[PDB]
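Everything below concerns the one structure shown next.
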Amino acid sequence: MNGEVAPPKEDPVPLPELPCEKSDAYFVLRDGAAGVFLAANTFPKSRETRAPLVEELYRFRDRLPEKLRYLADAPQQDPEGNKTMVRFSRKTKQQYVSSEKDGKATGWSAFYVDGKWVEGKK
């Protein structure tokens, strides 16, 4: 009976081919943060969680759980190269990607509409 709801046990879309911090952990893609994301299997030792980088998704397409065909399908960077990762919007509960340059968050942010990605530059 000892339980706390959503137990640490869970092997949905594990991406062992993506090291986490440095404790032999990896990024096991899961779903429980306003949408989808990839938490470290060493959590909390590694709270590195957040939508999956579209580019890293293309490399993990062979392992894609199929429910990401649209996310990984979205662009994987911007005209400058700032790779674009997945994000989540509550205004429509959907997945929108956003390019990023190093760590300055350029601003690029595309939205996945009806199989219709878009770009809401700001």
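Using the working numbering, the first residue of the sequence shown is number 1003, and each one after it goes up by one.
Built from N, CA and C at the ideal position, the CB exists for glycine as well.
Limits of the alpha helix (DSSP H) - the one that residue i falls within
i: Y1072; result: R1071 to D1075
Cβ-based burial, residue i [other Cβ within 10 Å; buried from 16]
i: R1089; result: buried
i: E1068; result: exposed
i: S1025; result: exposed
i: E1058; result: buried
Helix, strand or coil at residue i [DSSP, three-state]
i: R1032; result: strand
i: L1059; result: helix
Assumed close pair residue i, residue j - CB separation to whole angstroms, cut-off 8 Å
i: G1037; j: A1008; result: About 16 Å; that fails the 8 Å criterion.
i: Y1114; j: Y1060; result: In fact, because the Cβ distance is near 15 Å, the residues do not count as touching under 8 Å.
Residue(s) in a DSSP beta bridge with residue i
i: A1042; result: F1029
i: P1021; result: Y1028
Residue range of the beta strand (DSSP E) that includes residue i
i: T1086; result: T1086 to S1091
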